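**Q** Mind folding the following:
(chains A, B, C, D, E and F)
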Amino acid sequence: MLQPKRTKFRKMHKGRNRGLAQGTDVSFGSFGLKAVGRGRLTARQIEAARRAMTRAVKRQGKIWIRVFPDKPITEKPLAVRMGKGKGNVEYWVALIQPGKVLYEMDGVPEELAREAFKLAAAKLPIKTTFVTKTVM
Amino acid sequence: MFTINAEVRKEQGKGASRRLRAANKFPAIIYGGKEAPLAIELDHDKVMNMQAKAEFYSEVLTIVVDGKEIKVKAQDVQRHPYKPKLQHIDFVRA
Amino acid sequence: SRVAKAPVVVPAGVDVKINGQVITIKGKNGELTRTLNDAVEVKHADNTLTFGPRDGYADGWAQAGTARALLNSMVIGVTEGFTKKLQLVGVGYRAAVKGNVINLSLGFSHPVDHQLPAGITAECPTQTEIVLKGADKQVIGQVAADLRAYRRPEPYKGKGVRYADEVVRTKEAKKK
Amino acid sequence: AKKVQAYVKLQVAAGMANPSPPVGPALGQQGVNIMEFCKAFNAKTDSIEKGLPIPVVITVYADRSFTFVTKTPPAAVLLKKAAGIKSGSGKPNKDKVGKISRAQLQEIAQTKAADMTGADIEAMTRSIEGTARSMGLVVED
Amino acid sequence: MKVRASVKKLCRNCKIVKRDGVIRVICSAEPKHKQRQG
RNA sequence: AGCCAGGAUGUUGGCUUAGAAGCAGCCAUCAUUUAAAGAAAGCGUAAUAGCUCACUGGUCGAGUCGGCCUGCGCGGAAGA
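**A** Numbering: from 1, shown residues only, chains lettered A, B, ... in the order given. Let me share the structure:
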């Protein structure tokens, strides 16, 4: 789930998170969920959160997800002594920072959008907070 | 949006920006309308509660500077990445 | 902290005598109570009371807001006291009073046979009704709470010691 | 209607006179037979609608003796002959048949005048317009 | 009974009460929902 | 806040069905009367009734509440 089909390179720097990036402003809808901390995000967590919102809002409104994994990351399949090059990629990963808006909604009531994002936030590794369109 | 007051600023950048944003003032600018850009400081009282309503961006605003009152419109709004805080704001002349 | 403002009100049947911290109150319930205003100060106006804070004691109106309730409970305690609400359920079950010793039969090996605290009387007008008599609102509720605790109410049988209350803790059976 | 409190509703259909789940669970214990009920309104159905058995409200007294709160054509059955609707309209102002004229609404109101208590022809409208609002049918021009 | 680790305010007959340092659930309509800690 | 008193009318709402009286599928989130009253939250249950409610009023009487900002805490919290 959630990775590209062609890649120029797959062996990559793990790197660190700067705590800034693009974000803060809601622009696909009227309500959203913001990261409000540092951590690590996977495709299984995004799908578990997608599967959560579809129980609250069902078929109502449209749902936008501006987030997708940042890098391929290498892993080896069993517990092992390191050496003889990097392993292989079975999943991609992203580092998230406090200003990132993760999910956006519009065609739904505010007290339902907040309740659906509370249900989706239970699938995520960090405390998250509700955000509005802020008229601009 | 009924008339608001502002004051001219001369000290600027990073440390002066953070020392202005001390839970009391904000930086702002007025530009365009065939006149030069003006740098101003704004008290936190009204402007934050005004930008809660969409009419703040679709209807003109009257601002007092050096005791004299002029017409402007809101154009851009810079926000803080990890707290609900206002960093800087733009106004265009009318 | 609003309740220290209250007038409290007293019936004509109390004379309300006071000297420093000591308040002396009596009435037709056979009691002569001497109660203390030690951490707070009270002033009487023949029919109404006012409380306030003392020098070297807790500031504000909070510890005064408690002192009104205890004095009202003793003005009631010396005049007429407090009414019945404790009950028993079960056939052959029996409450009985043997002077300062009480008995409660619940189909078990021994009928409790417990001895009363100081300043309290027990009465049984019928073998399934329990009345506690005195002037202290606390002891007549504490001894009922120590008595209800013997074996405790049974879920489907409903049997044991209960209070007069519209809530039902007796459970109904289910189909298997 | 009048005095409708604690009462069950049932359709006078012979197809519904054998399956017990569509029936209130005490009505048979309360002494009623469902086929005797269907028979007791068959000529009262035939004389106001063809093919559709009426929904009726039932009441019971001593010696299992039952009586009805219904004897007039229902507002929902009159409306299906008055507007281009098949069986209802659901959402307001989505279909071109989803409207009725106030003049025809106050006309069919008098077809139910034997179940009107308001003693006024405007109070007949106030007692049928709610079924149009419930059906998603537009009553404003 | 149970404790689990968190409490919900799921009905109107439930108010949830903190007594002698601990929070608990009581429901006069349904003893099935008694819970300790929160 | 508590204490006290109410919680209508169109209406048996409309449709769909296996199924019914918020409360086993679906639709509007209607209008008049009124100081006030939903096709809704949790119970009741085989159900209904009804409560615990939304929603208003009396009584009393001057502050009161959710969220949010910013300082500081508690319980959550087991091992040889």
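**Q** Pull the number of nearby residues for the nearest residue to residue C:158 once chain neighbours are set aside.
**A** Nearest residue to residue C:158 in three dimensions, chain neighbours excluded: residue C:170, at 4.1 Å (Cβ to Cβ, 6 or more residues apart in numbering or on different chains). C-beta coordinates here come from the backbone N, C-alpha and C atoms, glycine included. Residue C:170 has 13 neighbours, counted by other Cβ atoms under 10 Å in any protein chain shown.
**Q** how close does residue C:170 get to residue C:122?
**A** Using Cβ to Cβ, to the nearest Å, residue C:170 is found at 26 Å from residue C:122.
**Q** Same question for residue A:126.
**A** Distance of residue A:126 to residue C:122, given as Cβ to Cβ: 62 Å.
**Q** biggest strand in chain B by residues?
**A** Identified as the longest strand of chain B according to DSSP state E is strand B:68-79.
**Q** got a list of contacts for the strand or helix carrying residue C:33?
**A** For residue C:33, the element it lies in under DSSP states H and E is strand C:32-36. The contact list for strand C:32-36, computed with Cβ atoms under 8 Å, 6 or more residues apart in numbering or on different chains, reads C:21-26, C:70-71, C:74, C:77-78, C:135.
**Q** ok so, going back, out of residue A:126 and residue C:122, which sits in the more crowded spot?
**A** Legend: neighbour count by other Cβ under 10 Å for residue A:126 and residue C:122, higher for residue C:122 (22 against 14).
**Q** and the more buried one, that one's in a strand?
**A** Yes: counting by DSSP: H, G, I helix; E, B strand; the rest coil, residue C:122 is part of a strand.
**Q** give the contact list for it.
**A** Contacts of residue C:122 by Cβ under 8 Å, 6+ apart are C:97, C:102, C:116, C:130-133.
**Q** returning to what we had before: so what strands line up beside the strand holding residue C:33?
**A** In the sheet, strand C:32-36 lines up against strand C:22-26 (antiparallel) (DSSP bridges).
**Q** Show me how far the strand it pairs with is from its chain's centre.
**A** Taking Cα atoms, centre = their mean, to the nearest Å, one finds the center of strand C:22-26 at 19 Å from the center of the full chain.
**Q** So for that strand, what gets flagged as buried?
**A** Of the residues in strand C:22-26, C:23, C:25-26 count as buried by neighbour count, 16 or more other Cβ atoms under 10 Å in any protein chain shown.
**Q** What is the neighbour count of the residue lying closest to residue A:44 once chain neighbours are set aside?
**A** Counting by Cβ to Cβ, 6+ apart, the nearest residue to residue A:44 once its immediate chain neighbours are dropped is residue A:1, at 6.9 Å. Residues within reach of residue A:1, counting by other Cβ under 10 Å, total 11.
**Q** Also residue A:96?
**A** Residues near residue A:96, counting by other Cβ under 10 Å, number 23.
**Q** Now the residue nearest to residue C:158: which helix or strand?
**A** In this structure, residue C:170 sits in neither a helix nor a strand according to DSSP H and E.
**Q** And it, how close does it get to residue C:153?
**A** Separation of residue C:170 from residue C:153 (Cβ to Cβ) stands at 8 Å.
**Q** got it, and residue E:31?
**A** Where residue C:153 is concerned, residue E:31 sits at a distance of 11 Å (Cβ to Cβ).
**Q** Neighbour count for the two, which is higher?
**A** Between residue E:31 and residue C:153, counting by other Cβ under 10 Å, residue C:153 is the more crowded of the two (15 against 12).
**Q** partners of the nearest residue to that one once chain neighbours are set aside in the sheet?
**A** Leaving out its chain neighbours, the residue that sits closest to residue C:153 by Cβ to Cβ, 6+ apart is residue C:160, at 4.0 Å. Beta-bridge partners recorded for residue C:160 (DSSP bridges): residue C:89.
**Q** got the contact list for the residue of chain C found nearest chain B?
**A** Nearest to chain B in chain C, going by Cβ to the nearest Cβ, is residue C:60, at a distance of 31.1 Å. Listed by Cβ under 8 Å, 6+ apart, the contact partners of residue C:60 are C:1, C:53.
**Q** Now it: which helix or strand?
**A** Per DSSP H and E, there is no helix or strand for residue C:60.
**Q** any idea how far residue A:136 is from chain E?
**A** Remark: distance between residue A:136 and chain E (Cβ to the nearest Cβ, to the nearest Å) = 36 Å.
**Q** Tell me the secondary structure of that residue, please.
**A** Counting by three-state DSSP, the backbone at residue A:136 sits in coil.
**Q** what's the neighbour count on it?
**A** Residue A:136 has 14 neighbours, counted by other Cβ under 10 Å.
**Q** What segments of chain D are strands?
**A** For chain D, the strands defined by DSSP E occupy D:9-11, D:55-61, D:65-68.
**Q** and residue D:71, what is it in contact with?
**A** By Cβ under 8 Å, 6+ apart, residue D:71 lies in contact with D:44, D:114-115.
**Q** Can you go through those residues and name the buried ones?
**A** Buried members of these, counted by 16+ other Cβ under 10 Å: residue D:115.
**Q** tell me which of the contacts of residue D:71 is nearest to chain B?
**A** residue D:115 (51.5 Å).
**Q** Tell me the secondary structure at the residue sitting furthest away from the middle of chain A.
**A** Within chain A, residue A:84 marks the point farthest from the mean C-alpha position, 32.5 Å out by Cα atoms, centre = their mean. Using three-state DSSP, the structure places residue A:84 in coil.
**Q** OK, contacts around residue A:80?
**A** Contacts of residue A:80 by Cβ under 8 Å, 6+ apart: none found.
**Q** Quick check: which element contains it?
**A** Using DSSP H and E, no helix or strand contains residue A:80.
**Q** From residue A:14, how far out is it?
**A** From residue A:80 to residue A:14 the distance is 18 Å (Cβ to Cβ).
**Q** same thing with residue A:87?
**A** From residue A:87 to residue A:14 the distance is 13 Å (Cβ to Cβ).
**Q** The two: which has the busier surroundings?
**A** residue A:87 (14 against 9).
**Q** what's the closest non-adjacent residue to that one?
**A** With Cβ to Cβ, 6+ apart as the criterion, residue A:87 has its nearest non-adjacent residue at 3.8 Å, and that residue is residue A:76.
**Q** from memory the one you found sits against residue A:90, does it?
**A** No: contact criterion Cβ atoms under 8 Å: residue A:76 and residue A:90 do not qualify, at 10.3 Å.
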